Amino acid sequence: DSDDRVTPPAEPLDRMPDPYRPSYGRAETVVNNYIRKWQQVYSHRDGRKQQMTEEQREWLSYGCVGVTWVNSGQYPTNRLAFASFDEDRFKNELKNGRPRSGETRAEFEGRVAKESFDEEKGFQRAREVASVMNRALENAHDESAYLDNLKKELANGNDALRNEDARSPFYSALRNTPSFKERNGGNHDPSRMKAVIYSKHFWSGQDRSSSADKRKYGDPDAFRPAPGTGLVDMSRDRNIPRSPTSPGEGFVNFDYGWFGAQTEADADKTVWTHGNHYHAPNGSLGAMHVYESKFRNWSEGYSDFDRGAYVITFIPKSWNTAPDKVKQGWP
């Protein structure tokens, strides 16, 4: 088992990482090196820097996911997730537009749903929402004060989110983050928290009972956002890859990119961190490398992927994994 996953060995918290610099929006370095960097800049609890745990290092090593897991402290639930879809584009392509040489209906339909998505718009949506959620916790020393505050801003912007259920994913989100509840960080005090975003890329046809076509061309009705809110229901995500088209086509099951909480007003220049794959240094896949890619890079990419989710969670405000600016590279 060469392609056995290994956990990276411990870096000293004294040693720096080596020089890297972005090329065309992306930068990258081996996991080892990334750990170094992480310990220098993202590792603080209470302004005081520290090592990546064994456990933390083990998580890191699962790949696409591992930096969201470490940085959020939990494996991604994705319960509160937004996206943007143009329902009007979809229905007017769907029934005034026209397939392309040799493309079937399922094909055609799956494809037009994929492109009726807008990611820039889904990202600012989760980011404007995060801002509201954040102003709602700024001064709020119990969850009540929070929710009340929340409700007011929402209502004031005439936001569809206002009307969400109170066991909804949106309202539950803070009482449901495990760190909320902690002596250590949060402590049932909203004001001790921060909203954070990451993103998942993923496939729409995931059904065992799916017609073959959906599994390979896409489900045009799966993971559509709710048009008022933008919320997407992620419960139907079973982490199943795309089924093959030719034999040339192998597919990953998903991607995950960490944004955190940057202040960067230009969404395009914001940075999305993610490993390439799990760590197999002994093996074919190789070592994990981690990429800090610009947003314009994150939202392009793959083929593998016909849906994108922009998710919110919360971390303690004392942690440094979601700072106001992130840079590409080293330095």
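Counting begins at 1, following the sequence as shown.
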Query - 289-297 versus 56-64 - greater average Cα B-factor per the deposited record - result: 56-64
**Report entry** Entry-level comparison of average CA B-factors, 223-231 and 252-260, reporting the higher stretch
**Finding:** 252-260
**Report entry** Largest Cα B-factor, entry values, listed residues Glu164, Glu153, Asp207, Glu120
**Finding:** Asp207
Query raised in the report: With respect to the C-alpha temperature factors reported in the PDB entry, which of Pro244, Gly157, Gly218, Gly73 ranks highest?
Result: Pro244
Requested in this report: State the tercile, meaning the lowest, middle or highest third, of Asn276 with respect to the CA B-factors recorded for its chain.
Outcome: lowest
Query raised in the report: Ranked by Cα temperature factor within the chain, is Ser23 in the lowest third, the middle third or the highest third?
Result: middle
Query - For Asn139, the third of its chain into which the C-alpha B factor falls - result: highest
Query raised in the report: By its CA B factor, does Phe180 count among the lowest, middle or highest third of the modelled residues in the chain?
Result: highest
Query raised in the report: C-alpha B factor of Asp88, ranked within the chain: lowest, middle or highest third?
Result: highest
